[PDB]
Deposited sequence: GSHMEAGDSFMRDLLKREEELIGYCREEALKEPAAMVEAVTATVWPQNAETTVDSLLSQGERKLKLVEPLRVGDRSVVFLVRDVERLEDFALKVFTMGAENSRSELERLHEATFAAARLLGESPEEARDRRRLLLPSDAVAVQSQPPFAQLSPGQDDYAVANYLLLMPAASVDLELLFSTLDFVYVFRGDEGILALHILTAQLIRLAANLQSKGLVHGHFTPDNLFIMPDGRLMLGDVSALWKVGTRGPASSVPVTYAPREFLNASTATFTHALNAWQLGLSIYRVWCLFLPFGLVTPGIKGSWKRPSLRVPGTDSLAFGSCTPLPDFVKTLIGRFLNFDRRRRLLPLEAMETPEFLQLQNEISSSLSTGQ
């Protein structure tokens, strides 16, 4: 709670800068943003939708675009008659089976529903759900399936890119923020572990600081029961350890999230990924596509922020290439290094 409130206040402090970088991030995909916006909101700021679940009819007012993903745009919207703001995720259709994939995503998400959960799923009125939405624009087909969720204050990917632009985390407060994020990441991963759960996408673009300062993990459809077998391709290649790159089908394990946890803590202190892995939107990044391509498999901290040794050690232990010897997050919290992290945070806060 103490750390949450500190993060909340820090977010408010950097609110204008985050907003600036958020807008900057939308310039490159402007054509996509405009085309998706024109599809979902072809008249003015409001569009009327029906819930696919029990929620009935809503009018969603566009406030502003928030973020672009590989095949999606996320908008800040308002349901005026409920007095509630939401993030709304809208999906583009490249694939011929985009429709069936989204139907599958819907079922997996809501069957499954620290975790950012959806609030509702809706479809534009007078048009079939999942099918391509009218009015169509040729460069960007949009599916009639809109996912409503609480809006994060910032995702870690955008935070890192913002810090790369101007490193506002200076002095003991910025350093403390790095400590708190490190501790939050570890506890989030530890919480999953405690429930025998594994997420395929424990990555900065799926890690969200909420308005109350809490760090949450998104996309409950990618949560697995530990030991479950699934498509290895569901793990982003730059966030996949070697054992997820050698097969069509992989076992989803606590070792996977130990690895991904190591990556994210490394990025907290370094901004780019380790091992020369390509990290879009960060200047210091090399171009290694994945670990299956040979490169620097040694863990290098030279171009990072000067991180404390207790953090270095924890990253090193999470990023053990041996899938049988990675430090798991619950175990990590019992280490002296985690104790030291907690005491640095406690001393600095009070």
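Unmodelled segments of the deposited chain, in sequence order: 1 to 4, 118 to 131, 369 to 371.
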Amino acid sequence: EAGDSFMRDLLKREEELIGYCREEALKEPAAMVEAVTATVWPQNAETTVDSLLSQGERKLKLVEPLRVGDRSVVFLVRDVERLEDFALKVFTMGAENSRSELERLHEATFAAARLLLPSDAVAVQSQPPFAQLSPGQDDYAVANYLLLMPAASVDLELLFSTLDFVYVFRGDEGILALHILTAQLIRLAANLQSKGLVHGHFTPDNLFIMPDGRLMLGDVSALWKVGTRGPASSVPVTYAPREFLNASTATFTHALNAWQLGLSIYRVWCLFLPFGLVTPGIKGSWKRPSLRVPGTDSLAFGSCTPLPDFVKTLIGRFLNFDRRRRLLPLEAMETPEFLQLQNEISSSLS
From here on, numbers count along this sequence of modelled residues.
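Annotation for 27 to 35 versus 311 to 319: the higher mean temperature factor (C-alpha) is found in 27 to 35. Two stretches are in play, 288 to 296 and 48 to 56, and the higher mean C-alpha B-factor belongs to 288 to 296. The entry lists C-alpha B-factors for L133, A222, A255, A189, and the highest of these is at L133. For the set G227, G200, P204, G218, the PDB entry puts the maximum C-alpha B factor at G227. Among the modelled residues of the chain, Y266 sits in the lowest third by CA temperature factor in this PDB entry. When the CA B factors of the chain's modelled residues are split into thirds, the value for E157 lands in the lowest one. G281 sits in the highest third of its chain by CA B factor, as recorded in the PDB entry.
Remark: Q184 belongs to the middle third of its chain, ranked by C-alpha B-factor as recorded. The PDB entry assigns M93 a C-alpha temperature factor belonging to the highest third of its chain's modelled residues.
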